[PDB]
Amino acid sequence: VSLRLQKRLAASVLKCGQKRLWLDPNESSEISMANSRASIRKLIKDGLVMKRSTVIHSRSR
Amino acid sequence: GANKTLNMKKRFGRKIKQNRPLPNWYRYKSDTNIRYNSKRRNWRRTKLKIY
Amino acid sequence: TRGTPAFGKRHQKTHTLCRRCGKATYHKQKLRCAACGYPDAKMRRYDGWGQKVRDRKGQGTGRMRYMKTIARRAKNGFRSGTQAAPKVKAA
Amino acid sequence: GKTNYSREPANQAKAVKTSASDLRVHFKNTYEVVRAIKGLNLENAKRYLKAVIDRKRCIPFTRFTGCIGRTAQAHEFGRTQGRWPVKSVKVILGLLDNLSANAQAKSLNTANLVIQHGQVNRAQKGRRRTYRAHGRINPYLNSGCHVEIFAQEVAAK
RNA sequence: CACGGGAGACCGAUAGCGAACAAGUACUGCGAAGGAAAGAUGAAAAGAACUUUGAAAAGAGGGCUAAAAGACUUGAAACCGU
RNA sequence: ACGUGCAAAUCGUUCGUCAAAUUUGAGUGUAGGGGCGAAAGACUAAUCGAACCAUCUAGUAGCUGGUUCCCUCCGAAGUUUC
RNA sequence: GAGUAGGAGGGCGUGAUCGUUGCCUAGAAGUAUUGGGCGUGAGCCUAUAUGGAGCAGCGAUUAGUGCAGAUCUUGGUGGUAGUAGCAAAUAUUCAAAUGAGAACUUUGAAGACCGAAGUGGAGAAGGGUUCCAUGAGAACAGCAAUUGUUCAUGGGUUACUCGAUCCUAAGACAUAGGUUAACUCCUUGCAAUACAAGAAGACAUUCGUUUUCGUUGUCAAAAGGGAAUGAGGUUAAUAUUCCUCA
RNA sequence: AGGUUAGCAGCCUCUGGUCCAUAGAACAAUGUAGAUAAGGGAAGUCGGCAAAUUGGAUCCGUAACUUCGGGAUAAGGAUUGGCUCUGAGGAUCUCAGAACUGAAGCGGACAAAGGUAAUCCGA
RNA sequence: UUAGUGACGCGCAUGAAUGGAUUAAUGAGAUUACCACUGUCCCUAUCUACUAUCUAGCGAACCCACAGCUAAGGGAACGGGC
Ligand SMILES: [Mg+2]
Ligand SMILES: [Mg+2]
Ligand SMILES: [Mg+2]
Ligand SMILES: [Mg+2]
Ligand SMILES: [Mg+2]
Ligand SMILES: [Mg+2]
Ligand SMILES: [Mg+2]
Ligand SMILES: [Mg+2]
Ligand SMILES: [Mg+2]
Ligand SMILES: [Mg+2]
Ligand SMILES: [Mg+2]
Ligand SMILES: [Mg+2]
Ligand SMILES: [Mg+2]
Ligand SMILES: [Mg+2]
Ligand SMILES: [Mg+2]
Ligand SMILES: [Mg+2]
Ligand SMILES: [Mg+2]
Ligand SMILES: [Mg+2]
Ligand SMILES: [Mg+2]
Ligand SMILES: [Mg+2]
Ligand SMILES: [Mg+2]
Ligand SMILES: [Mg+2]
Ligand SMILES: [Mg+2]
Ligand SMILES: [Mg+2]
Ligand SMILES: [Mg+2]
Ligand SMILES: [Mg+2]
Ligand SMILES: [Mg+2]
Ligand SMILES: [Mg+2]
Ligand SMILES: [Mg+2]
Ligand SMILES: [Mg+2]
Ligand SMILES: [Mg+2]
Ligand SMILES: [Mg+2]
Ligand SMILES: [Mg+2]
Ligand SMILES: [Mg+2]
Ligand SMILES: [Mg+2]
Ligand SMILES: [Mg+2]
Ligand SMILES: [Mg+2]
Ligand SMILES: [Mg+2]
Ligand SMILES: [Mg+2]
Ligand SMILES: [Mg+2]
Ligand SMILES: [Mg+2]
Ligand SMILES: [Mg+2]
Ligand SMILES: [Mg+2]
Ligand SMILES: [Mg+2]
Ligand SMILES: [Mg+2]
Ligand SMILES: [Mg+2]
Ligand SMILES: [Mg+2]
Ligand SMILES: [Mg+2]
Ligand SMILES: [Mg+2]
Ligand SMILES: [Zn+2]
């Protein structure tokens, strides 16, 4: 089961870089079923696809 | 690139159509020796002339 | 370097397609086609010069829309205005 | 693709034949796996090939010696050099399996099959290219296999 | 030279026009110009039903047919295996 | 270093110059005994002390190489003259 | 009774032609032979196997008539050899899933790299469907592959405001005139080596009529000049183009 | 884009991208690349080839020669961290002092000239 | 010190824009010292990565009369063959 397309679409939808995407490992088949973008947004709304917090870069020092 | 003549577009279209494989049912004719289309072409290995 | 590293620099193209003969023989800087010479307005080919040419481009090389039937109707006397007629003689 | 085996068995109800043709495995390697199988019990051949695959045993190199590694495993043979040409072994093994399943319809017993006549032939070489310095090109090919093996039943008194 | 006719102590698929074949074609060259390789299953597809082992290619059974002649007529030598 | 390359000129270190006689895209002017040259007989599509393509052209070769079946018989010259 | 260079006399073997005598689906040619023989030798006859349609002798006629070589032509193959080798560009690892098969596919979890002079986001030249989706046997992706820039099938490129199209440049080419056996060649924006070459208006609204002013062409810039658009949303693949709003 | 910095250098990072370059194991000679050698210091070699030394900034100090522009970072001599205070320059971030503290180290990586004296050419 | 520099000059064969003599700046331009410096050397050792190694997979090329142990001898005056 390749999710390549899932991930690209999810990226665009979330207006974020692919490496920020998180596709739930457990629900993967379900995700593979998403074809259209719309499917993707439903997916994100449902919580199967999420968007990772940015890598923390701090100015303390 | 992006920018093209009509002539170009049409020529490219032509060669694009001509680049199909022999239709699988032609090989069943009684008078033909043709197993395949010998004239097929791949953009990477052979280049057209358009300028 | 005259070699491989040199070849990278070739994106120019000195010829384009000649309306008349349709190869890329057209010289935009000289305004002529190296093969036919499209502007010249009579076909450029040197026959004695070198011998193969006519069999590549030349009369009979591509389909001849008009001439093929000329052979046939040459013998038939160039009929104009005639219609074929039944041997059965129906009136 | 109709196999003509160069050698024939004496009793063909008492024999089992396998052949595979136009394989992609290395000739010399296959050759020597086979050469090593000749004259054993089908069950033995299978055990020992499986053992080569598991690296606990070596397939002796006989005809094609060209710079082949010396192993302690070659003791079993009287030899210095041998290897573990896995691909070849797997293919051959598959062939032995076809031998055994090939015995089924015959209603023959496995225990008394002995291997006589392995035949490995150099098949038509598959062709491709290699780019060489100065803009030369040289051939890069593979030497394919034809294999055939038949098994006789021999009764042990 | 073109379209026709007929013919030959010609040639007979490395011969004969370069081309017996989607041949001035595939392909190369900015270009002028260069330019090949490639013909024969059988009288008829009857082009291999079906069983079995294989993930699959395929093997073993079994069958067509005068014959497998099965991607194909004959099938030499060099080379290689038994 | 590589030198049957990654490469028919590359790779590592190192080095010349780095706001001008600087670098650079396209378009446009110059073509073969002709161009073009801060001049090296340099460059002119891997071709240059005269490009490339076809033709005269199977160019001529007192010179190099090859010159295809059997047997039997006779059997030389390396000297003379120009 | 020697013999290179060389010469002579006889003979062997190969096409095709005119004759003559014949052989072959009751198996010709060709091919293989550790079968049997014939010639001093070119070569021959037979046997067996294969083969599955044509052959052969004798007398002449004719010749693209005999190959070990020419760094000979074209094609096919060896030994070298499972050898040289697959080592630039810091890096991978774990579990799950999928599959006949996973170091090389997908998710997640870790560790590193390019470090905004990028291994990022978009263009011009060049490429031309390489883009998108689904599927996948062989081949190719110099290990591998369940993966692909590969194969098969279908589908994708919407504009008054972006660019071409218009303008002029370095330039260039017609026309006219002249040169050439002819082809060709020479001039032309400061426009002519040319010149009875144009434009506009109105009424008319055709002509015609009429009036006015007048020497005569075109091509060359997808970085130059250059009338006006934006944000938001949408597709698997297009969008300053489609949708919505302004 | 952030940090360091004279700096769009180098080195490290965030956004975005990527781990693609066939793999496993052994660890000999020879090799390719990378470093370090006690005592001496070019004796090596056609030749200091290669390597080594030098390197920033602040303060000192600076010849012959000259076309008076130059030479010139000439040559050479010192300093550089951390920490705790002090003073001066401005609107309605630079500079200087003092004291304390360490294996006397401190341009700690990165970055970064080795000099001198002659001879020959060509400005 | 056949090296470098300064002098002398019976200059093989120096000499005036076929330029002669000078010369600051200047140089990836020729040469000689010296200072610093050092694995260039005495004199060679050790450490890292990639190779060579071995393995799974993949897999060329040069070249090749015939081949491959020597001593002498003779021989187209250095044989592998006699
Ligand atoms: Mg284009
Ligand atoms: Mg290409
Ligand atoms: Mg090409
Ligand atoms: Mg045609
Ligand atoms: Mg025609
Ligand atoms: Mg076979
Ligand atoms: Mg290579
Ligand atoms: Mg079968
Ligand atoms: Mg048969
Ligand atoms: Mg043999
Ligand atoms: Mg370099
Ligand atoms: Mg002479
Ligand atoms: Mg003939
Ligand atoms: Mg019969
Ligand atoms: Mg006879
Ligand atoms: Mg028979
Ligand atoms: Mg005769
Ligand atoms: Mg012959
Ligand atoms: Mg021969
Ligand atoms: Mg070979
Ligand atoms: Mg290498
Ligand atoms: Mg990369
Ligand atoms: Mg990019
Ligand atoms: Mg992009
Ligand atoms: Mg102009
Ligand atoms: Mg002009
Ligand atoms: Mg505008
Ligand atoms: Mg609009
Ligand atoms: Mg390794
Ligand atoms: Mg020392
Ligand atoms: Mg010293
Ligand atoms: Mg010392
Ligand atoms: Mg040095
Ligand atoms: Mg001064
Ligand atoms: Mg100083
Ligand atoms: Mg000085
Ligand atoms: Mg202090
Ligand atoms: Mg102070
Ligand atoms: Mg102190
Ligand atoms: Mg220091
Ligand atoms: Mg020095
Ligand atoms: Mg100079
Ligand atoms: Mg000395
Ligand atoms: Mg002296
Ligand atoms: Mg100097
Ligand atoms: Mg091991
Ligand atoms: Mg191996
Ligand atoms: Mg001697
Ligand atoms: Mg000897
Ligand atoms: Zn033309």
# chains A, B, ... in the order shown; residues from 1 in each chain; ligands from 1

$ residues_around --residues "residue 5 (chain D)" --least-positions-apart "5" --cutoff "9 Å" --atoms "only C-alpha atoms (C1' of nucleotides)" --output "list in words"
residues 19, 119, 148 and 149 of chain D

$ residues_near_ligand --ligand "ligand 38" --cutoff "10 Å" --atoms "only C-alpha atoms (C1' of nucleotides) and all ligand atoms" --output "ChimeraX atom specification"
/H:96-98

$ closest_atom_pairs --of "chain G" --to "chain A" --cutoff "9 Å" --atoms "only C-alpha atoms (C1' of nucleotides)" --output "JSON lines"
{"residue": "G:96", "atom": "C1'", "partner": "A:25", "partner_atom": "CA", "distance": 8.1}
{"residue": "G:97", "atom": "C1'", "partner": "A:1", "partner_atom": "CA", "distance": 7.4}
{"residue": "G:98", "atom": "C1'", "partner": "A:1", "partner_atom": "CA", "distance": 5.8}
{"residue": "G:105", "atom": "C1'", "partner": "A:2", "partner_atom": "CA", "distance": 7.6}
{"residue": "G:106", "atom": "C1'", "partner": "A:2", "partner_atom": "CA", "distance": 4.1}
{"residue": "G:107", "atom": "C1'", "partner": "A:25", "partner_atom": "CA", "distance": 4.8}
{"residue": "G:108", "atom": "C1'", "partner": "A:25", "partner_atom": "CA", "distance": 5.5}
{"residue": "G:235", "atom": "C1'", "partner": "A:37", "partner_atom": "CA", "distance": 8.4}
{"residue": "G:236", "atom": "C1'", "partner": "A:36", "partner_atom": "CA", "distance": 6.5}

$ write_last_selection --atoms "C-alpha atoms (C1' of nucleotides)" --output "PDB file, in the first residue's frame"
ATOM      1  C1'   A G  96       4.438  -2.728  11.158  1.00  0.00           C
ATOM      2  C1'   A G  97       1.862  -3.398   6.322  1.00  0.00           C
ATOM      3  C1'   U G  98       1.954  -5.329   1.170  1.00  0.00           C
ATOM      4  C1'   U G 105       8.339  -0.334  -1.902  1.00  0.00           C
ATOM      5  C1'   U G 106       4.350   2.609   1.793  1.00  0.00           C
ATOM      6  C1'   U G 107       3.247   4.435   7.048  1.00  0.00           C
ATOM      7  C1'   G G 108       5.397   5.368  11.758  1.00  0.00           C
ATOM      8  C1'   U G 235      -8.618  19.588  -9.824  1.00  0.00           C
ATOM      9  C1'   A G 236      -6.036  13.206  -9.509  1.00  0.00           C
TER      10        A G 236
END

$ closest_residue --among "H:66, H:86, H:15, H:101" --to "ligand 37" --atoms "only C-alpha atoms (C1' of nucleotides) and all ligand atoms"
H:101

$ residues_near_ligand --ligand "ligand 24" --cutoff "12 Å" --atoms "only C-alpha atoms (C1' of nucleotides) and all ligand atoms" --output "PDB file with C-alpha atoms (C1' of nucleotides), in the first residue's frame"
ATOM      1  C1'   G G 120      14.239  24.506  -1.749  1.00  0.00           C
ATOM      2  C1'   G G 121      10.344  27.528  -4.847  1.00  0.00           C
ATOM      3  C1'   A G 122       9.780  29.117 -10.304  1.00  0.00           C
ATOM      4  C1'   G G 123      11.381  30.487 -15.500  1.00  0.00           C
TER       5        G G 123
ATOM      6  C1'   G H  16      11.361  23.173   2.075  1.00  0.00           C
ATOM      7  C1'   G H  17      13.925  19.051   0.355  1.00  0.00           C
TER       8        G H  17
END

$ select_by_dssp --residues "chain D" --states "strand (DSSP E)" --output "PyMOL selection string"
chain D and resi 15-23+59-60+82-83+113-122+126-132+136-142+145-153

$ residues_around --residues "residue 20 (chain B)" --least-positions-apart "5" --cutoff "10 Å" --atoms "only C-alpha atoms (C1' of nucleotides)" --output "PyMOL selection string"
chain B and resi 15+37+39-41

$ select_by_dssp --residues "chain B" --states "helix (DSSP H, G or I)" --output "list in words"
residues 6, 7, 8, 9, 10, 11, 12, 13, 14, 15, 16, 17, 26, 27 and 28 of chain B

$ closest_atom_pairs --of "chain D" --to "chain G" --cutoff "8 Å" --atoms "only C-alpha atoms (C1' of nucleotides)" --output "JSON lines"
{"residue": "D:28", "atom": "CA", "partner": "G:82", "partner_atom": "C1'", "distance": 7.0}
{"residue": "D:29", "atom": "CA", "partner": "G:82", "partner_atom": "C1'", "distance": 7.8}
{"residue": "D:64", "atom": "CA", "partner": "G:82", "partner_atom": "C1'", "distance": 7.7}
{"residue": "D:66", "atom": "CA", "partner": "G:81", "partner_atom": "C1'", "distance": 6.7}
{"residue": "D:67", "atom": "CA", "partner": "G:83", "partner_atom": "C1'", "distance": 7.3}
{"residue": "D:129", "atom": "CA", "partner": "G:142", "partner_atom": "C1'", "distance": 7.9}
{"residue": "D:130", "atom": "CA", "partner": "G:142", "partner_atom": "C1'", "distance": 7.1}
{"residue": "D:140", "atom": "CA", "partner": "G:142", "partner_atom": "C1'", "distance": 7.9}

$ write_last_selection --atoms "N, CA, C and O atoms" --output "mmCIF file, in the first residue's frame"
data_model
loop_
_atom_site.group_PDB
_atom_site.id
_atom_site.type_symbol
_atom_site.label_atom_id
_atom_site.label_comp_id
_atom_site.auth_asym_id
_atom_site.auth_seq_id
_atom_site.Cartn_x
_atom_site.Cartn_y
_atom_site.Cartn_z
ATOM 1 N N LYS D 28 28.342 -21.168 -15.550
ATOM 2 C CA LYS D 28 29.354 -21.909 -14.813
ATOM 3 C C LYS D 28 28.895 -22.308 -13.407
ATOM 4 O O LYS D 28 29.066 -23.452 -12.985
ATOM 5 N N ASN D 29 28.305 -21.366 -12.688
ATOM 6 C CA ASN D 29 27.765 -21.630 -11.364
ATOM 7 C C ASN D 29 26.755 -22.773 -11.349
ATOM 8 O O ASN D 29 26.903 -23.762 -10.610
ATOM 9 N N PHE D 64 35.325 -24.628 -13.401
ATOM 10 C CA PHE D 64 35.649 -23.220 -13.502
ATOM 11 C C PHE D 64 36.263 -22.787 -12.195
ATOM 12 O O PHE D 64 35.584 -22.528 -11.236
ATOM 13 N N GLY D 66 38.427 -20.193 -11.952
ATOM 14 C CA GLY D 66 39.150 -18.942 -12.044
ATOM 15 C C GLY D 66 38.995 -18.108 -10.799
ATOM 16 O O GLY D 66 37.968 -17.480 -10.523
ATOM 17 N N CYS D 67 40.108 -18.047 -10.088
ATOM 18 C CA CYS D 67 40.224 -17.355 -8.820
ATOM 19 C C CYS D 67 39.142 -17.504 -7.762
ATOM 20 O O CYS D 67 38.684 -16.504 -7.180
ATOM 21 N N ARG D 129 24.711 -3.248 -22.784
ATOM 22 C CA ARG D 129 25.855 -2.395 -23.077
ATOM 23 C C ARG D 129 26.620 -1.972 -21.860
ATOM 24 O O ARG D 129 26.088 -1.944 -20.771
ATOM 25 N N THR D 130 27.870 -1.599 -22.074
ATOM 26 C CA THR D 130 28.678 -0.972 -21.049
ATOM 27 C C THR D 130 29.467 0.158 -21.643
ATOM 28 O O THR D 130 30.146 -0.039 -22.650
ATOM 29 N N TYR D 140 28.018 -6.099 -22.397
ATOM 30 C CA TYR D 140 27.723 -6.543 -21.057
ATOM 31 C C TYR D 140 26.585 -7.528 -21.244
ATOM 32 O O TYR D 140 25.459 -7.099 -21.541
#

$ residues_near_ligand --ligand "ligand 18" --cutoff "9 Å" --atoms "only C-alpha atoms (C1' of nucleotides) and all ligand atoms" --output "number ranges by chain"
F: 68; G: 66-67

$ residues_near_ligand --ligand "ligand 10" --cutoff "12 Å" --atoms "only C-alpha atoms (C1' of nucleotides) and all ligand atoms" --output "list in words"
residues 121 of chain D; 79, 80, 81 and 82 of chain E

$ write_last_selection --atoms "N, CA and C atoms (P, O5', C5', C4', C3', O3' and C1' of nucleotides)" --output "PDB file, in the first residue's frame"
ATOM      1  N   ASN D 121      23.579 -26.656 -20.361  1.00  0.00           N
ATOM      2  CA  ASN D 121      24.012 -26.136 -21.646  1.00  0.00           C
ATOM      3  C   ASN D 121      24.029 -24.641 -21.615  1.00  0.00           C
TER       4      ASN D 121
ATOM      5  P     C E  79      36.547 -25.483 -32.069  1.00  0.00           P
ATOM      6  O5'   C E  79      35.470 -24.692 -31.221  1.00  0.00           O
ATOM      7  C5'   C E  79      35.821 -23.540 -30.488  1.00  0.00           C
ATOM      8  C4'   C E  79      34.637 -23.020 -29.735  1.00  0.00           C
ATOM      9  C3'   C E  79      34.094 -23.938 -28.663  1.00  0.00           C
ATOM     10  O3'   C E  79      34.826 -23.875 -27.461  1.00  0.00           O
ATOM     11  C1'   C E  79      32.318 -23.167 -29.981  1.00  0.00           C
ATOM     12  P     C E  80      35.032 -25.197 -26.590  1.00  0.00           P
ATOM     13  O5'   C E  80      33.624 -25.382 -25.898  1.00  0.00           O
ATOM     14  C5'   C E  80      33.098 -24.359 -25.090  1.00  0.00           C
ATOM     15  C4'   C E  80      31.702 -24.675 -24.657  1.00  0.00           C
ATOM     16  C3'   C E  80      31.496 -26.048 -24.074  1.00  0.00           C
ATOM     17  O3'   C E  80      31.904 -26.136 -22.730  1.00  0.00           O
ATOM     18  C1'   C E  80      29.782 -25.575 -25.612  1.00  0.00           C
ATOM     19  P     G E  81      32.254 -27.563 -22.099  1.00  0.00           P
ATOM     20  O5'   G E  81      30.821 -28.226 -21.906  1.00  0.00           O
ATOM     21  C5'   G E  81      30.059 -27.969 -20.743  1.00  0.00           C
ATOM     22  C4'   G E  81      28.743 -28.697 -20.772  1.00  0.00           C
ATOM     23  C3'   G E  81      28.798 -30.213 -20.628  1.00  0.00           C
ATOM     24  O3'   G E  81      28.945 -30.636 -19.285  1.00  0.00           O
ATOM     25  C1'   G E  81      27.395 -29.666 -22.412  1.00  0.00           C
ATOM     26  P     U E  82      29.726 -31.990 -18.941  1.00  0.00           P
ATOM     27  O5'   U E  82      28.702 -33.116 -19.408  1.00  0.00           O
ATOM     28  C5'   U E  82      27.408 -33.209 -18.827  1.00  0.00           C
ATOM     29  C4'   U E  82      26.559 -34.265 -19.503  1.00  0.00           C
ATOM     30  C3'   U E  82      27.164 -35.655 -19.595  1.00  0.00           C
ATOM     31  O3'   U E  82      26.997 -36.407 -18.413  1.00  0.00           O
ATOM     32  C1'   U E  82      26.332 -35.037 -21.700  1.00  0.00           C
TER      33        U E  82
END

$ residues_near_ligand --ligand "ligand 11" --cutoff "10 Å" --atoms "only C-alpha atoms (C1' of nucleotides) and all ligand atoms" --output "list in words"
residues 10, 11, 12, 13, 14 and 15 of chain F

$ decode --residues "region 7-65 of chain I" --atoms "C-alpha atoms (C1' of nucleotides)" --output "PDB file, in the first residue's frame"
ATOM      1  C1'   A I   7      85.547  43.143 -11.643  1.00  0.00           C
ATOM      2  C1'   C I   8      89.038  42.774 -15.962  1.00  0.00           C
ATOM      3  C1'   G I   9      87.874  42.187 -21.635  1.00  0.00           C
ATOM      4  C1'   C I  10      94.116  39.782 -27.820  1.00  0.00           C
ATOM      5  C1'   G I  11      84.815  40.419 -27.482  1.00  0.00           C
ATOM      6  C1'   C I  12      84.952  32.660 -32.189  1.00  0.00           C
ATOM      7  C1'   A I  13      80.344  36.145 -33.106  1.00  0.00           C
ATOM      8  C1'   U I  14      78.154  43.078 -27.998  1.00  0.00           C
ATOM      9  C1'   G I  15      76.750  47.999 -29.979  1.00  0.00           C
ATOM     10  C1'   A I  16      73.114  52.062 -30.920  1.00  0.00           C
ATOM     11  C1'   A I  17      64.113  52.864 -32.545  1.00  0.00           C
ATOM     12  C1'   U I  18      67.505  45.726 -37.311  1.00  0.00           C
ATOM     13  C1'   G I  19      67.631  50.470 -31.136  1.00  0.00           C
ATOM     14  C1'   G I  20      72.412  51.185 -27.175  1.00  0.00           C
ATOM     15  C1'   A I  21      72.682  52.263 -21.598  1.00  0.00           C
ATOM     16  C1'   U I  22      69.550  52.768 -17.511  1.00  0.00           C
ATOM     17  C1'   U I  23      65.324  51.937 -14.300  1.00  0.00           C
ATOM     18  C1'   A I  24      60.892  52.806  -9.263  1.00  0.00           C
ATOM     19  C1'   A I  25      56.470  50.117  -9.190  1.00  0.00           C
ATOM     20  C1'   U I  26      55.668  45.294 -10.780  1.00  0.00           C
ATOM     21  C1'   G I  27      55.407  39.019 -12.130  1.00  0.00           C
ATOM     22  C1'   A I  28      51.533  31.443 -11.006  1.00  0.00           C
ATOM     23  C1'   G I  29      58.476  34.750 -15.610  1.00  0.00           C
ATOM     24  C1'   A I  30      64.431  32.518 -15.456  1.00  0.00           C
ATOM     25  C1'   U I  31      68.963  32.286 -11.334  1.00  0.00           C
ATOM     26  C1'   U I  32      72.111  32.552  -6.093  1.00  0.00           C
ATOM     27  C1'   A I  33      72.645  33.095  -1.151  1.00  0.00           C
ATOM     28  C1'   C I  34      70.748  33.562   3.649  1.00  0.00           C
ATOM     29  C1'   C I  35      66.679  33.539   8.034  1.00  0.00           C
ATOM     30  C1'   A I  36      62.489  31.036   9.735  1.00  0.00           C
ATOM     31  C1'   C I  37      60.744  26.032   8.564  1.00  0.00           C
ATOM     32  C1'   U I  38      60.183  21.369   8.320  1.00  0.00           C
ATOM     33  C1'   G I  39      59.522  13.344   7.513  1.00  0.00           C
ATOM     34  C1'   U I  40      63.143  16.029   1.394  1.00  0.00           C
ATOM     35  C1'   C I  41      66.984  13.239   4.143  1.00  0.00           C
ATOM     36  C1'   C I  42      69.622  10.446   8.107  1.00  0.00           C
ATOM     37  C1'   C I  43      65.549   5.993   8.805  1.00  0.00           C
ATOM     38  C1'   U I  44      62.142   4.555   8.698  1.00  0.00           C
ATOM     39  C1'   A I  45      57.293   3.777  12.389  1.00  0.00           C
ATOM     40  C1'   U I  46      52.319   4.250  13.607  1.00  0.00           C
ATOM     41  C1'   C I  47      46.759   5.632  13.051  1.00  0.00           C
ATOM     42  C1'   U I  48      41.866   6.569   9.985  1.00  0.00           C
ATOM     43  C1'   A I  49      38.672   5.921   5.527  1.00  0.00           C
ATOM     44  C1'   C I  50      38.244   3.538   0.529  1.00  0.00           C
ATOM     45  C1'   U I  51      40.449  -0.463  -2.178  1.00  0.00           C
ATOM     46  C1'   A I  52      43.085  -4.803  -3.075  1.00  0.00           C
ATOM     47  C1'   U I  53      41.105  -9.811   0.052  1.00  0.00           C
ATOM     48  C1'   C I  54      36.446 -13.468   0.847  1.00  0.00           C
ATOM     49  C1'   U I  55      31.122 -13.772  -0.115  1.00  0.00           C
ATOM     50  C1'   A I  56      25.646 -12.977  -2.655  1.00  0.00           C
ATOM     51  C1'   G I  57      24.262 -10.766  -7.202  1.00  0.00           C
ATOM     52  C1'   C I  58      26.147  -8.619 -11.730  1.00  0.00           C
ATOM     53  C1'   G I  59      30.280  -8.981 -15.401  1.00  0.00           C
ATOM     54  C1'   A I  60      33.610  -6.476 -19.850  1.00  0.00           C
ATOM     55  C1'   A I  61      38.488  -5.487 -22.557  1.00  0.00           C
ATOM     56  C1'   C I  62      43.484  -5.565 -24.452  1.00  0.00           C
ATOM     57  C1'   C I  63      45.881  -9.601 -26.611  1.00  0.00           C
ATOM     58  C1'   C I  64      46.079 -14.749 -28.873  1.00  0.00           C
ATOM     59  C1'   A I  65      50.918 -19.048 -35.522  1.00  0.00           C
TER      60        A I  65
END
